[PDB]
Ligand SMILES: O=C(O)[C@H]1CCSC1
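Only one chain is included here, represented as structure tokens and corresponding to the form solved without this ligand.
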């Protein structure tokens, strides 16, 4: 039998320290092809090892297709091939798009659904998984209005995370590194920041905030580890909740939820399953 492995790389949709992502075509169908830099080779190995352990299949997890290693003259070429989401990342989407109540809730409940699926151990199943780099650039928007979580290059089963999204216990090096629940709680902190990024873009009473990344008003454009530690750990700052949210029942409920993701004490933070339950009882 013929094994068609040719992928036509059509356009670069992402370039960074990690390498590149391309829209490609296989057998008439869009795929996304991540080509790894030498800097980020260990992310290909980690994600490949995870999918070799458990073939994750969930509507709110970016769909795996293949891991490819190809011998070249004096290098190894590493590709991760996934489903393609033409709307691009949540970060991208929120820059020009505003949201209504329905769209805002659909986005954040879909993210909580993906994250709870990663976190939960299933017997008979899947190991529990912590993401370790959850942020709006690692979430894709689907045409049906739900999102999916991407990039399991730093994931742990039972490179550092993006500094702007690091929890206080990562910044102050108190994280209990021999407790898997510690890594779930770091993801919940980051989830609360993503929830703040999305809620800002939800219109109420003709008002919306501009897209900004978390802590935009208190750290530099490219913040250092120390910059983040001083804000989050020493001064114990949290993202601003605008007054206009307290006129809107949805944004009032979302402000309470994000506060419960941002406790200094990691064991006080909500679980992903509790976040799901709370979201299903809003609006």
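Positions refer to the first chain, counted from 1.
Missing here is the form deposited with this ligand bound; even so, the following discussion is about that form.
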Answer among 250-258, 234-242, 34-42, 218-226 for heavy atoms within 4.5 Å of this ligand in the bound PDB entry: the stretch 34-42
Checklist entry - Can you check whether residue 106 is within 4.5 Å of this ligand in the bound PDB entry, heavy atom basis? => result no
Point to revise | 4.5 Å heavy atom contact, residue 117 to this ligand in the bound PDB entry | key: yes
- Consider residue 177 of the chain shown here, and say whether it contacts this ligand in the bound PDB entry, taking contact as heavy atoms within 4.5 Å. no
Answer with yes or no whether residue 102 is in contact with this ligand in the bound PDB entry, where contact means some heavy atom within 4.5 Å.
no
Does each of 113, 122 and 276 have at least one heavy atom within 4.5 Å of this ligand in the bound PDB entry?
yes
